Amino acid sequence: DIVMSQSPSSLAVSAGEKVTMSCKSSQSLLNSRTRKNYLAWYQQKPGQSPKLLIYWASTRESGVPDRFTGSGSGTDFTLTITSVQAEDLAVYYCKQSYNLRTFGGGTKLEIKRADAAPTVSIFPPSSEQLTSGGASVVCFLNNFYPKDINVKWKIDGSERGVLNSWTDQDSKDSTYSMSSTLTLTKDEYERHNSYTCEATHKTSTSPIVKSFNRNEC
Amino acid sequence: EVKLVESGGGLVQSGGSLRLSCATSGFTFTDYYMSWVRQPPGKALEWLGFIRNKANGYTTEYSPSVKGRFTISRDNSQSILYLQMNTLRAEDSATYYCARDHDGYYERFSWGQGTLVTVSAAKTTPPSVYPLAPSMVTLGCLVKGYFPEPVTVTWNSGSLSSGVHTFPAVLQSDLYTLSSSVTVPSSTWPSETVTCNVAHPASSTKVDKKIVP
Ligand SMILES: C=CCO[C@]1(C(=O)O)C[C@@H](O[C@]2(C(=O)O)C[C@@H](O)[C@@H](O)[C@@H]([C@H](O)CO)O2)C=C([C@H](O)CO)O1
Ligand SMILES: [Zn+2]
Ligand SMILES: [Zn+2]
């Protein structure tokens with residue numbers, strides 16, 4: 001059968017630098033008659049459909065920036081991006097069309113940038129939730145880098161139903177954002193006063209602390 | 001302008017069947033092979049099959065992964081591509097894309113937006129949508145307790161997109177929850193309105209939630 005493999009699985013590169021990724025076929029994709037390699041590259045940005053970049057191994061599709069170059073032949077192919085830009089964040093797939101079609105497993109490209117501290121914001125439960133018996137407290141930690149971050153919830157000063165979610169990297173500023181949601185019953189919510197989101201990130205030895213008090217709502 | 005638009009995705013039980021459609025325009029449909037490709041959440045693209053062009057008698061081919069179980073067809077009067085899926089299983093849960101394929105010369109797929117299929121026994125549950133209200137100021141919406149995916153979130157009907165972060169849904173106790181934040185100048189809110197628009201196609205839910213101070 002035709003097995004397609006890609007390397008690396010993932011990597012991060014700073015804007016302005018060169019990116020090299022590889023694609024191997026278990027069988028030559030060079031058609032004898034047309035003398036072309038039936039190997040294409042697709043770019044899939046976060047939340048989007050794949051987009052054609054390169055086909056016939058080295059032919060760059062119209063509209064695709066010149067910084068993308070496909071090369072290689074037979075069983076081994078390379079996609080090179082020179083002067084990488086923030087918007088190039090994506091998973092890149094190669095695909096053979098020599099015998100039906102088969103995709104490789106993709107290479108995830110992340111963008112490296114300068115460390116950036118998160119902007120933290122905390123939100124009390126809405127009255128429209130409380131009326132149904134639930135109480136979710138939300139903290140947004142926005143536009144930081146790198147991705148690793150710690151969130152602690154404290155209630156009346158004591159550390160404690162938590163839902164965390166990170167965005168994909170931003171295509172413009174190459175930061176991450178995360179949401180942390182603490183969900184309590186209304187009955188338990190009403191037993192305590194201070195609700196505190198504490199974010200610790202390598203950008204400071206001081207946690208960023210955001211809080212609200214129930215009595216102040 | 002070429003357009004490919006999938007439809008038909010949604011929730012279906014194991015063992016059941018579902019048929020997807022792909023409406024096309026902007027090119028001579030019968031000249032082209034058409035492929036279907038799927039992608040499970042967080043995983044790689046998988047080519048499923050194609051149907052050839054008129055010159056090749058509109059014949060079909062399939063990946064071994066779905067041959068015998070999936071069928072491709074096309075309506076050449078209206079330029080619509082179809083994928084019939086039978087005996088569905090959890091592993092078929094994925095975003096399904098149609099793609100324009102070979103024209104007899106070029107080797108390339110020159111794609112739709114995709115339609116999400118979820119194979120599960122769980123019931124459809126509409127979201128609860130809650131406002132998140134407190135230089136620059138950050139507001140949000142909490143879209144809680146829905147099934148299946150997806151939901152869409154916009155802010156002021158699309159007019160706010162910069163400064164928007166929509167957090168991927170996470171499944172806890174058989175329901176999804178997601179949130180979205182929007183950051184705007186404090187001079188503009190609450191002076192001006194800010195509203196999150198949330199849709200959950202599986203339950204035909206449409207919600208506009210104004211962020212009130
Ligand atoms: C199907 C039998 C012969 O098919 C070819 C041939 O000359 O071998 C090629 C074929 O094109 C495909 C195909 O299977 O339909 C699609 C194409 O994208 C590419 O995969 C080639 C494959 O590389 C083989 O060359 O196969 C089309 C036919 C012609 O339409 C008429 O026979 O020829
Ligand atoms: Zn941002
Ligand atoms: Zn308590």
# chains A, B, ... in the order shown; residues from 1 in each chain; ligands from 1
$ select_by_dssp --residues "stretch 84-161 of chain B" --states "helix (DSSP H, G or I)" --output "VMD selection string"
chain B and resid 90 to 92 156 to 158
$ residues_near_ligand --ligand "ligand 2" --cutoff "7 Å" --atoms "only C-alpha atoms and all ligand atoms" --output "VMD selection string"
(chain A and resid 142 to 143 170) or (chain B and resid 163 to 165)
$ write_last_selection --atoms "C-alpha atoms" --output "PDB file, in the first residue's frame"
ATOM      1  CA  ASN A 142      -5.051  36.141  27.803  1.00  0.00           C
ATOM      2  CA  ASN A 143      -2.137  36.652  25.417  1.00  0.00           C
ATOM      3  CA  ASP A 170      -2.647  33.385  17.807  1.00  0.00           C
TER       4      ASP A 170
ATOM      5  CA  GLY B 163      -9.586  40.909  20.283  1.00  0.00           C
ATOM      6  CA  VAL B 164     -11.778  37.787  20.264  1.00  0.00           C
ATOM      7  CA  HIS B 165     -10.581  34.505  21.781  1.00  0.00           C
TER       8      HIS B 165
END
$ residues_near_ligand --ligand "ligand 3" --cutoff "10 Å" --atoms "only C-alpha atoms and all ligand atoms" --output "MDAnalysis selection string"
chainID A and resid 155:156 158 160 184 187:193
$ closest_residue --among "A:19, A:54, A:13, A:117" --to "chain B" --atoms "only C-alpha atoms"
A:54
$ residues_around --residues "residue B:115" --least-positions-apart "2" --cutoff "10 Å" --atoms "only C-alpha atoms" --output "PyMOL selection string"
chain B and resi 5-10+20-22+38+94-98+112-113+117+150
$ write_last_selection --atoms "N, CA, C and O atoms" --output "PDB file, in the first residue's frame"
ATOM      1  N   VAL B   5     -19.614  23.592  -0.381  1.00  0.00           N
ATOM      2  CA  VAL B   5     -20.271  23.712   0.915  1.00  0.00           C
ATOM      3  C   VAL B   5     -20.885  22.383   1.352  1.00  0.00           C
ATOM      4  O   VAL B   5     -21.855  21.909   0.748  1.00  0.00           O
ATOM      5  N   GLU B   6     -20.322  21.778   2.398  1.00  0.00           N
ATOM      6  CA  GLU B   6     -20.858  20.536   2.936  1.00  0.00           C
ATOM      7  C   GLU B   6     -22.060  20.794   3.827  1.00  0.00           C
ATOM      8  O   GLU B   6     -22.165  21.836   4.480  1.00  0.00           O
ATOM      9  N   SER B   7     -22.955  19.818   3.852  1.00  0.00           N
ATOM     10  CA  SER B   7     -24.072  19.815   4.779  1.00  0.00           C
ATOM     11  C   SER B   7     -24.444  18.378   5.153  1.00  0.00           C
ATOM     12  O   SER B   7     -24.059  17.432   4.472  1.00  0.00           O
ATOM     13  N   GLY B   8     -25.197  18.205   6.236  1.00  0.00           N
ATOM     14  CA  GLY B   8     -25.710  16.892   6.578  1.00  0.00           C
ATOM     15  C   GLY B   8     -25.144  16.299   7.845  1.00  0.00           C
ATOM     16  O   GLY B   8     -25.617  15.277   8.333  1.00  0.00           O
ATOM     17  N   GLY B   9     -24.105  16.941   8.354  1.00  0.00           N
ATOM     18  CA  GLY B   9     -23.434  16.483   9.553  1.00  0.00           C
ATOM     19  C   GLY B   9     -24.328  16.650  10.764  1.00  0.00           C
ATOM     20  O   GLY B   9     -25.273  17.434  10.748  1.00  0.00           O
ATOM     21  N   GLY B  10     -24.042  15.901  11.816  1.00  0.00           N
ATOM     22  CA  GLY B  10     -24.760  16.018  13.066  1.00  0.00           C
ATOM     23  C   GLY B  10     -24.592  14.758  13.901  1.00  0.00           C
ATOM     24  O   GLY B  10     -23.654  13.983  13.690  1.00  0.00           O
ATOM     25  N   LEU B  20     -24.149  12.776   3.615  1.00  0.00           N
ATOM     26  CA  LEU B  20     -23.666  14.142   3.527  1.00  0.00           C
ATOM     27  C   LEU B  20     -23.800  14.638   2.108  1.00  0.00           C
ATOM     28  O   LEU B  20     -23.714  13.853   1.161  1.00  0.00           O
ATOM     29  N   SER B  21     -23.967  15.947   1.957  1.00  0.00           N
ATOM     30  CA  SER B  21     -23.983  16.565   0.641  1.00  0.00           C
ATOM     31  C   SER B  21     -22.880  17.615   0.558  1.00  0.00           C
ATOM     32  O   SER B  21     -22.395  18.131   1.573  1.00  0.00           O
ATOM     33  N   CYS B  22     -22.478  17.910  -0.668  1.00  0.00           N
ATOM     34  CA  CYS B  22     -21.485  18.920  -0.940  1.00  0.00           C
ATOM     35  C   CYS B  22     -21.936  19.705  -2.169  1.00  0.00           C
ATOM     36  O   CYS B  22     -21.880  19.207  -3.293  1.00  0.00           O
ATOM     37  N   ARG B  38     -11.822  12.948   5.659  1.00  0.00           N
ATOM     38  CA  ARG B  38     -12.309  13.240   7.003  1.00  0.00           C
ATOM     39  C   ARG B  38     -11.158  13.490   7.975  1.00  0.00           C
ATOM     40  O   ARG B  38      -9.990  13.175   7.700  1.00  0.00           O
ATOM     41  N   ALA B  94     -15.975  12.654  13.074  1.00  0.00           N
ATOM     42  CA  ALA B  94     -14.976  13.429  12.369  1.00  0.00           C
ATOM     43  C   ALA B  94     -15.604  14.580  11.608  1.00  0.00           C
ATOM     44  O   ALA B  94     -16.818  14.632  11.408  1.00  0.00           O
ATOM     45  N   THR B  95     -14.764  15.527  11.221  1.00  0.00           N
ATOM     46  CA  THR B  95     -15.152  16.539  10.272  1.00  0.00           C
ATOM     47  C   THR B  95     -14.950  15.962   8.876  1.00  0.00           C
ATOM     48  O   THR B  95     -13.881  15.441   8.564  1.00  0.00           O
ATOM     49  N   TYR B  96     -15.986  16.054   8.050  1.00  0.00           N
ATOM     50  CA  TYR B  96     -15.981  15.517   6.690  1.00  0.00           C
ATOM     51  C   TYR B  96     -15.902  16.667   5.700  1.00  0.00           C
ATOM     52  O   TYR B  96     -16.722  17.587   5.738  1.00  0.00           O
ATOM     53  N   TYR B  97     -14.899  16.609   4.831  1.00  0.00           N
ATOM     54  CA  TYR B  97     -14.675  17.609   3.806  1.00  0.00           C
ATOM     55  C   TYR B  97     -14.862  17.017   2.417  1.00  0.00           C
ATOM     56  O   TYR B  97     -14.411  15.898   2.141  1.00  0.00           O
ATOM     57  N   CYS B  98     -15.484  17.779   1.527  1.00  0.00           N
ATOM     58  CA  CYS B  98     -15.403  17.467   0.116  1.00  0.00           C
ATOM     59  C   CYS B  98     -14.278  18.337  -0.468  1.00  0.00           C
ATOM     60  O   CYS B  98     -14.012  19.455   0.000  1.00  0.00           O
ATOM     61  N   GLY B 112     -14.219  22.332   0.967  1.00  0.00           N
ATOM     62  CA  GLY B 112     -15.321  22.953   1.677  1.00  0.00           C
ATOM     63  C   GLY B 112     -14.949  23.297   3.117  1.00  0.00           C
ATOM     64  O   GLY B 112     -13.812  23.087   3.558  1.00  0.00           O
ATOM     65  N   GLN B 113     -15.908  23.847   3.859  1.00  0.00           N
ATOM     66  CA  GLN B 113     -15.661  24.247   5.240  1.00  0.00           C
ATOM     67  C   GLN B 113     -15.745  23.053   6.200  1.00  0.00           C
ATOM     68  O   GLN B 113     -15.292  23.124   7.351  1.00  0.00           O
ATOM     69  N   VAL B 117     -19.505  15.241  12.037  1.00  0.00           N
ATOM     70  CA  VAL B 117     -20.337  14.087  12.334  1.00  0.00           C
ATOM     71  C   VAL B 117     -19.936  13.522  13.691  1.00  0.00           C
ATOM     72  O   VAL B 117     -18.756  13.314  13.959  1.00  0.00           O
ATOM     73  N   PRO B 150     -20.913  21.092  16.876  1.00  0.00           N
ATOM     74  CA  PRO B 150     -20.206  22.298  17.301  1.00  0.00           C
ATOM     75  C   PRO B 150     -21.172  23.359  17.797  1.00  0.00           C
ATOM     76  O   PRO B 150     -22.388  23.176  17.717  1.00  0.00           O
TER      77      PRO B 150
END
$ interface_residues --of "chain B" --to "chain A" --cutoff "6 Å" --atoms "only C-alpha atoms" --output "list in words"
residues 44, 47, 108, 113, 132, 134 and 167 of chain B
$ residues_near_ligand --ligand "ligand 1" --cutoff "9 Å" --atoms "only C-alpha atoms and all ligand atoms" --output "list in words"
residues 29, 31, 33, 34, 38, 96, 97, 98, 99, 100 and 101 of chain A; 33, 51, 52, 53, 55, 56, 59, 60, 61, 101, 102, 103, 104, 105, 106, 107 and 108 of chain B
$ write_last_selection --atoms "C-alpha atoms" --output "short mmCIF file (atom, residue, chain, number, x, y, z; two decimals), in the first residue's frame"
data_model
loop_
_atom_site.label_atom_id
_atom_site.label_comp_id
_atom_site.auth_asym_id
_atom_site.auth_seq_id
_atom_site.Cartn_x
_atom_site.Cartn_y
_atom_site.Cartn_z
CA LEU A 29 5.68 8.81 -6.53
CA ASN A 31 5.12 8.74 -12.73
CA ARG A 33 4.86 8.85 -18.38
CA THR A 34 4.38 12.42 -17.13
CA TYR A 38 2.43 13.05 -7.53
CA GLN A 96 0.39 11.27 -2.58
CA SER A 97 -1.94 10.87 -5.58
CA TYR A 98 0.07 8.20 -7.42
CA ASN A 99 -2.32 5.41 -6.39
CA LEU A 100 -5.63 6.78 -5.16
CA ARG A 101 -4.68 9.27 -2.38
CA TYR B 33 -13.11 14.06 -9.95
CA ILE B 51 -15.81 9.74 -7.87
CA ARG B 52 -14.27 10.29 -11.30
CA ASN B 53 -15.27 12.80 -13.98
CA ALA B 55 -14.60 11.26 -19.25
CA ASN B 56 -14.06 8.36 -16.83
CA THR B 59 -16.66 5.63 -11.50
CA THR B 60 -15.83 5.34 -7.77
CA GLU B 61 -12.89 4.21 -5.63
CA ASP B 101 -9.81 16.59 -7.28
CA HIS B 102 -8.31 15.59 -10.69
CA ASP B 103 -9.33 17.09 -14.07
CA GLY B 104 -7.32 14.67 -16.18
CA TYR B 105 -4.21 16.86 -16.02
CA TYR B 106 -3.42 18.40 -12.64
CA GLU B 107 -2.56 16.40 -9.54
CA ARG B 108 -3.97 18.46 -6.70
#
